[PDB]
Structures are given as C-alpha cells and as structure tokens.
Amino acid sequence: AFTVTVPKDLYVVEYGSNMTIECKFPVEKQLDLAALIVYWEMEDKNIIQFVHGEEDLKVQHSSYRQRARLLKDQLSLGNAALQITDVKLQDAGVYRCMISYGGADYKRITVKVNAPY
C-alpha cells in the first residue's frame, strides 16, 4: 500500500527561527516528476501545490509568501520537506502533507512555536 510517513509528528520551533517539516513517501530508483503531486496545507491555507513538477506562486496563501518552499534536493530521496523561514507565532498549528505518487495518502504534523527566555 502507498503510505506517507512523518519522522516527527510534533515540532517545537523558536519564534523567528527556520523550520523544515518532513513528509516521506516510497521512491524506487529515480523520482518521476510526471507522476508526483505534493500538497502542503495549514488550517485551510494552501502553502505548496506541486503538481507533476509545476508550482504556481499565485496560489500560495499570502501569510507564507517569501517564507515557504518545498526543498527540491530532499524530493529526489522521497522526502517532501517544507522549509518555513522567519517562523511566526501564527505558524503554530496542524500542517497536512498529501502525497500522490502511484497511490495517495496524507499525514498531520503539529507545530508549536516557543519564545525561549
């Protein structure tokens, strides 16, 4: 069965830092971009829509502009890594990663934003 797995289901991240949240999917030999969809979402805000290799900045939610990207080097290894720079208090919440690659699946990841002192 096609399964998406998360190495971590909880990330505790510092306010103003950078986070990379990971979502793994099975890759046999080389990645085929023509068969791959990656969708990152957070409480109905669309962060990444990677459709068969194609990304459209116009449909990224305004709260993630210039802060969120899908790391392409990880993608080759079956790792859909979402990097968010300059983490905001509003970035706290439940992220969903949906991967379609042959089959389809999704996982939830909780992000908590701390302000250490």
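Only the largest set of C-alpha atoms that superpose within 1.5 Å between the two forms is called the rigid core. Each residue number is its position in the shown sequence, starting from 1.
Note on 81-89 and 54-62: with rigid core alignment, C-alpha atoms in 4 other deposited structures of this protein sit farther from this form for 54-62.
Remark: stretch with higher mean C-alpha B factor among 21-29 and 98-106 is 21-29.
Here the stretch with the larger average CA B-factor, out of 60-68 and 46-54, is 60-68. Of the residues listed, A92, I84, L36, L77, the entry assigns the biggest Cα temperature factor to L77.
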